[PDB]
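Student: The file below is upload_21.txt, compact mmCIF, N, CA and C atoms:
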# COMPACT_ATOMS: atom_id res chain seq x y z
N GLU A 1 -26.59 -2.13 -24.40
CA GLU A 1 -25.85 -2.31 -23.16
C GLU A 1 -25.16 -3.68 -23.18
N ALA A 2 -24.09 -3.85 -22.41
CA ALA A 2 -23.39 -5.13 -22.38
C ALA A 2 -22.46 -5.18 -21.17
N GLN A 3 -21.95 -6.36 -20.83
CA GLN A 3 -21.05 -6.48 -19.69
C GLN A 3 -19.64 -6.80 -20.19
N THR A 4 -18.65 -6.77 -19.29
CA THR A 4 -17.28 -7.06 -19.70
C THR A 4 -16.65 -8.05 -18.72
N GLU A 5 -15.82 -8.96 -19.22
CA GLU A 5 -15.18 -9.94 -18.34
C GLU A 5 -13.92 -9.32 -17.73
N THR A 6 -13.70 -9.54 -16.43
CA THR A 6 -12.52 -8.97 -15.79
C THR A 6 -12.06 -9.88 -14.65
N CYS A 7 -10.80 -10.32 -14.68
CA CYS A 7 -10.29 -11.19 -13.62
C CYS A 7 -9.22 -10.45 -12.81
N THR A 8 -8.72 -9.32 -13.33
CA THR A 8 -7.70 -8.57 -12.61
C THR A 8 -8.32 -7.90 -11.38
N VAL A 9 -8.20 -8.53 -10.21
CA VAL A 9 -8.77 -7.95 -9.00
C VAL A 9 -7.64 -7.71 -7.99
N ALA A 10 -7.93 -6.97 -6.91
CA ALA A 10 -6.89 -6.70 -5.91
C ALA A 10 -6.48 -8.03 -5.24
N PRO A 11 -5.17 -8.40 -5.32
CA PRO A 11 -4.60 -9.65 -4.74
C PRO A 11 -5.26 -9.99 -3.40
N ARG A 12 -5.37 -9.00 -2.51
CA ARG A 12 -5.98 -9.26 -1.20
C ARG A 12 -7.50 -9.37 -1.35
N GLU A 13 -8.10 -8.52 -2.19
CA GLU A 13 -9.55 -8.57 -2.38
C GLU A 13 -9.89 -9.64 -3.42
N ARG A 14 -9.18 -10.76 -3.40
CA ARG A 14 -9.46 -11.83 -4.37
C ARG A 14 -10.21 -12.96 -3.67
N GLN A 15 -11.12 -13.63 -4.38
CA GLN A 15 -11.87 -14.72 -3.77
C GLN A 15 -11.18 -16.05 -4.09
N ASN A 16 -10.77 -16.79 -3.07
CA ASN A 16 -10.09 -18.07 -3.30
C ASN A 16 -11.05 -19.04 -3.99
N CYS A 17 -10.68 -19.51 -5.18
CA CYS A 17 -11.54 -20.45 -5.91
C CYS A 17 -11.09 -21.89 -5.60
N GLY A 18 -9.87 -22.06 -5.10
CA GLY A 18 -9.37 -23.40 -4.78
C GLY A 18 -7.93 -23.30 -4.28
N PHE A 19 -7.35 -24.43 -3.86
CA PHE A 19 -5.97 -24.40 -3.37
C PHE A 19 -5.04 -24.02 -4.53
N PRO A 20 -3.76 -23.70 -4.22
CA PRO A 20 -2.74 -23.29 -5.21
C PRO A 20 -2.13 -24.51 -5.91
N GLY A 21 -2.05 -25.64 -5.21
CA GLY A 21 -1.49 -26.85 -5.82
C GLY A 21 -2.31 -27.25 -7.06
N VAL A 22 -3.45 -26.59 -7.29
CA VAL A 22 -4.28 -26.93 -8.46
C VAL A 22 -3.47 -26.71 -9.74
N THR A 23 -4.08 -26.96 -10.90
CA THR A 23 -3.37 -26.78 -12.16
C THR A 23 -4.31 -26.11 -13.18
N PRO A 24 -3.73 -25.41 -14.18
CA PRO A 24 -4.45 -24.69 -15.26
C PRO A 24 -5.71 -25.45 -15.70
N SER A 25 -5.65 -26.78 -15.71
CA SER A 25 -6.82 -27.57 -16.12
C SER A 25 -7.88 -27.55 -15.02
N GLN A 26 -7.47 -27.77 -13.77
CA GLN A 26 -8.42 -27.76 -12.66
C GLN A 26 -9.11 -26.40 -12.57
N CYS A 27 -8.34 -25.32 -12.59
CA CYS A 27 -8.94 -23.98 -12.50
C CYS A 27 -9.80 -23.73 -13.75
N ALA A 28 -9.46 -24.36 -14.87
CA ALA A 28 -10.24 -24.17 -16.09
C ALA A 28 -11.39 -25.18 -16.14
N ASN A 29 -11.45 -26.10 -15.18
CA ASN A 29 -12.53 -27.09 -15.17
C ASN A 29 -13.84 -26.40 -14.79
N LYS A 30 -13.84 -25.62 -13.72
CA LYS A 30 -15.07 -24.93 -13.30
C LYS A 30 -15.21 -23.63 -14.10
N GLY A 31 -14.13 -22.87 -14.24
CA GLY A 31 -14.20 -21.62 -15.00
C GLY A 31 -13.70 -20.46 -14.14
N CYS A 32 -12.73 -20.72 -13.26
CA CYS A 32 -12.20 -19.65 -12.41
C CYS A 32 -10.99 -19.01 -13.09
N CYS A 33 -10.81 -17.70 -12.93
CA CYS A 33 -9.67 -17.03 -13.56
C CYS A 33 -8.37 -17.52 -12.93
N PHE A 34 -7.52 -18.19 -13.71
CA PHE A 34 -6.26 -18.69 -13.17
C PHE A 34 -5.15 -17.68 -13.45
N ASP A 35 -4.35 -17.34 -12.44
CA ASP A 35 -3.27 -16.37 -12.64
C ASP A 35 -2.06 -16.77 -11.79
N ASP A 36 -0.98 -17.20 -12.44
CA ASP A 36 0.21 -17.60 -11.69
C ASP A 36 1.37 -16.64 -12.02
N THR A 37 1.28 -15.40 -11.56
CA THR A 37 2.34 -14.43 -11.84
C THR A 37 3.04 -14.05 -10.53
N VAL A 38 2.28 -13.89 -9.45
CA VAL A 38 2.88 -13.52 -8.17
C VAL A 38 2.75 -14.69 -7.19
N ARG A 39 3.46 -14.62 -6.06
CA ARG A 39 3.39 -15.70 -5.08
C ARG A 39 2.72 -15.19 -3.81
N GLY A 40 2.49 -16.08 -2.83
CA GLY A 40 1.85 -15.66 -1.59
C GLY A 40 0.34 -15.59 -1.80
N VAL A 41 -0.09 -15.14 -2.97
CA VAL A 41 -1.52 -15.04 -3.25
C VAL A 41 -1.99 -16.32 -3.97
N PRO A 42 -3.32 -16.49 -4.13
CA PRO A 42 -3.94 -17.65 -4.79
C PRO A 42 -4.00 -17.42 -6.30
N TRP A 43 -3.73 -18.45 -7.10
CA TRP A 43 -3.75 -18.29 -8.55
C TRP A 43 -5.16 -18.57 -9.08
N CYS A 44 -5.82 -19.60 -8.56
CA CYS A 44 -7.17 -19.93 -9.03
C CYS A 44 -8.21 -19.16 -8.21
N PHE A 45 -8.83 -18.14 -8.81
CA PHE A 45 -9.84 -17.37 -8.08
C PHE A 45 -11.07 -17.15 -8.97
N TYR A 46 -12.14 -16.57 -8.42
CA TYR A 46 -13.35 -16.33 -9.21
C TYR A 46 -13.18 -15.04 -10.02
N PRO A 47 -14.09 -14.81 -11.00
CA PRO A 47 -14.10 -13.63 -11.89
C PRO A 47 -14.94 -12.50 -11.27
N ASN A 48 -14.75 -11.27 -11.74
CA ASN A 48 -15.50 -10.15 -11.20
C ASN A 48 -15.98 -9.26 -12.35
N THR A 49 -17.25 -9.40 -12.75
CA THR A 49 -17.77 -8.58 -13.84
C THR A 49 -18.08 -7.17 -13.32
N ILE A 50 -17.38 -6.16 -13.83
CA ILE A 50 -17.62 -4.79 -13.38
C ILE A 50 -18.53 -4.08 -14.39
N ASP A 51 -19.42 -3.21 -13.91
CA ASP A 51 -20.31 -2.50 -14.82
C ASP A 51 -19.57 -1.31 -15.44
N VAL A 52 -19.62 -1.18 -16.76
CA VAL A 52 -18.94 -0.06 -17.42
C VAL A 52 -19.93 0.69 -18.32
N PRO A 53 -20.78 1.56 -17.71
CA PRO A 53 -21.81 2.38 -18.39
C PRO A 53 -21.34 2.84 -19.79
N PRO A 54 -20.09 3.35 -19.90
CA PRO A 54 -19.49 3.83 -21.16
C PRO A 54 -18.73 2.70 -21.86
N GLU A 55 -19.11 2.37 -23.09
CA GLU A 55 -18.42 1.30 -23.81
C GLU A 55 -17.12 1.83 -24.41
N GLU A 56 -16.06 1.03 -24.39
CA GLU A 56 -14.78 1.47 -24.94
C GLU A 56 -14.56 0.84 -26.31
N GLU A 57 -13.49 1.22 -27.00
CA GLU A 57 -13.22 0.65 -28.32
C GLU A 57 -12.02 -0.30 -28.23
N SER A 58 -12.06 -1.41 -28.96
CA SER A 58 -10.94 -2.36 -28.92
C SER A 58 -10.60 -2.79 -30.35
N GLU A 59 -9.58 -3.64 -30.50
CA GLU A 59 -9.20 -4.10 -31.84
C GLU A 59 -10.20 -5.15 -32.33
N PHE A 60 -10.60 -5.07 -33.60
CA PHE A 60 -11.56 -6.03 -34.13
C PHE A 60 -10.90 -6.83 -35.26
Is it possible to express this structure as structure tokens?

Tutor:
Amino acid sequence: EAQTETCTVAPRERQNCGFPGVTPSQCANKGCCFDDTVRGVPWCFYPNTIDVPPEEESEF
């Protein structure tokens, strides 16, 4: 068994990890998923590990 890292969460269902004026380094200081693609929403937010009973295959 194992877990998977996932930061892609619903923009509204996102947990604010800090203000937006922050920077890639600040958000990477604690370890929050930083995402600056859309506006209006927060870029620095926390991660959300989802349980995936079935393991998938990826490139190795």

Student: Which residues are near residue 2 in chain A? Cut-off 10 Å, only C-alpha atoms, ignore same chain within fewer than 5 positions. Put them as a ChimeraX atom specification.

Tutor: /A:51-55

Student: If you run DSSP over the backbone, which residues in chain A end up alpha helix (DSSP H)? Put them as a ChimeraX atom specification.

Tutor: /A:24-30

Student: Step one, run DSSP on the backbone; step two, keep only residues of chain A assigned to strand (DSSP E); then write them as a list in words.

Tutor: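 Answer for chain A, restricted to strand (DSSP E): residues 33, 34, 44 and 45 of chain A.
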
Student: What's the separation between atom N of residue 33 in chain A and atom N of residue 46 in chain A, in Å to one decimal place?

Tutor: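 Here the two named atoms are 4.8 Å from each other.
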
Student: Take atom C of residue 26 in chain A and atom C of residue 3 in chain A and report the distance between them in Å, one decimal.

Tutor: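 Between atom C of residue 26 in chain A and atom C of residue 3 in chain A the gap is 23.5 Å.
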
Student: Atom C of residue 45 in chain A to atom C of residue 32 in chain A: how many Å, to one decimal?

Tutor: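 We find that atom C of residue 45 in chain A and atom C of residue 32 in chain A lie 4.5 Å from each other.
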
Student: For residue 21 in chain A, find every residue with an atom within 8 Å (counting all atoms listed in the file), except residues of its own chain fewer than 3 positions away, and show them as a PyMOL selection string.

Tutor: chain A and resi 18+24+43-44

Student: Since the input is missing atoms, can you rebuild N, CA, C and O atoms for range 18-39 of chain A and write them as a short mmCIF file (atom, residue, chain, number, x, y, z; two decimals), in the coordinates of the input?

Tutor:
data_model
loop_
_atom_site.label_atom_id
_atom_site.label_comp_id
_atom_site.auth_asym_id
_atom_site.auth_seq_id
_atom_site.Cartn_x
_atom_site.Cartn_y
_atom_site.Cartn_z
N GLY A 18 -9.87 -22.06 -5.10
CA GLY A 18 -9.37 -23.40 -4.78
C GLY A 18 -7.93 -23.30 -4.28
O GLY A 18 -7.33 -22.23 -4.28
N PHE A 19 -7.35 -24.43 -3.86
CA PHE A 19 -5.97 -24.40 -3.37
C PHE A 19 -5.04 -24.02 -4.53
O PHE A 19 -5.46 -23.98 -5.69
N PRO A 20 -3.76 -23.70 -4.22
CA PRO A 20 -2.74 -23.29 -5.21
C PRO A 20 -2.13 -24.51 -5.91
O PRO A 20 -1.75 -24.44 -7.08
N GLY A 21 -2.05 -25.64 -5.21
CA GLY A 21 -1.49 -26.85 -5.82
C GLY A 21 -2.31 -27.25 -7.06
O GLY A 21 -1.93 -28.15 -7.80
N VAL A 22 -3.45 -26.59 -7.29
CA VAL A 22 -4.28 -26.93 -8.46
C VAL A 22 -3.47 -26.71 -9.74
O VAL A 22 -2.30 -26.33 -9.70
N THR A 23 -4.08 -26.96 -10.90
CA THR A 23 -3.37 -26.78 -12.16
C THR A 23 -4.31 -26.11 -13.18
O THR A 23 -5.53 -26.21 -13.07
N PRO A 24 -3.73 -25.41 -14.18
CA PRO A 24 -4.45 -24.69 -15.26
C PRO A 24 -5.71 -25.45 -15.70
O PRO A 24 -6.74 -24.85 -16.02
N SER A 25 -5.65 -26.78 -15.71
CA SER A 25 -6.82 -27.57 -16.12
C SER A 25 -7.88 -27.55 -15.02
O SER A 25 -9.06 -27.35 -15.28
N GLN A 26 -7.47 -27.77 -13.77
CA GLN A 26 -8.42 -27.76 -12.66
C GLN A 26 -9.11 -26.40 -12.57
O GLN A 26 -10.34 -26.31 -12.47
N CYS A 27 -8.34 -25.32 -12.59
CA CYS A 27 -8.94 -23.98 -12.50
C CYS A 27 -9.80 -23.73 -13.75
O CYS A 27 -10.76 -22.97 -13.70
N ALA A 28 -9.46 -24.36 -14.87
CA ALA A 28 -10.24 -24.17 -16.09
C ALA A 28 -11.39 -25.18 -16.14
O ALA A 28 -12.24 -25.13 -17.03
N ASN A 29 -11.45 -26.10 -15.18
CA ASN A 29 -12.53 -27.09 -15.17
C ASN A 29 -13.84 -26.40 -14.79
O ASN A 29 -14.86 -26.57 -15.47
N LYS A 30 -13.84 -25.62 -13.72
CA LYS A 30 -15.07 -24.93 -13.30
C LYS A 30 -15.21 -23.63 -14.10
O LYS A 30 -16.29 -23.31 -14.60
N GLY A 31 -14.13 -22.87 -14.24
CA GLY A 31 -14.20 -21.62 -15.00
C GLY A 31 -13.70 -20.46 -14.14
O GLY A 31 -14.16 -19.33 -14.26
N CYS A 32 -12.73 -20.72 -13.26
CA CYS A 32 -12.20 -19.65 -12.41
C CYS A 32 -10.99 -19.01 -13.09
O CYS A 32 -10.21 -19.69 -13.77
N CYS A 33 -10.81 -17.70 -12.93
CA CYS A 33 -9.67 -17.03 -13.56
C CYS A 33 -8.37 -17.52 -12.93
O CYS A 33 -8.12 -17.30 -11.74
N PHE A 34 -7.52 -18.19 -13.71
CA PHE A 34 -6.26 -18.69 -13.17
C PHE A 34 -5.15 -17.68 -13.45
O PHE A 34 -5.00 -17.19 -14.57
N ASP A 35 -4.35 -17.34 -12.44
CA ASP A 35 -3.27 -16.37 -12.64
C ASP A 35 -2.06 -16.77 -11.79
O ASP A 35 -2.09 -16.70 -10.56
N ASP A 36 -0.98 -17.20 -12.44
CA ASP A 36 0.21 -17.60 -11.69
C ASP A 36 1.37 -16.64 -12.02
O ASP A 36 2.33 -17.01 -12.70
N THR A 37 1.28 -15.40 -11.56
CA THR A 37 2.34 -14.43 -11.84
C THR A 37 3.04 -14.05 -10.53
O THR A 37 4.26 -13.89 -10.48
N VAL A 38 2.28 -13.89 -9.45
CA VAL A 38 2.88 -13.52 -8.17
C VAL A 38 2.75 -14.69 -7.19
O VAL A 38 2.03 -15.65 -7.44
N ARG A 39 3.46 -14.62 -6.06
CA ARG A 39 3.39 -15.70 -5.08
C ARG A 39 2.72 -15.19 -3.81
O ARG A 39 2.39 -14.01 -3.69
#
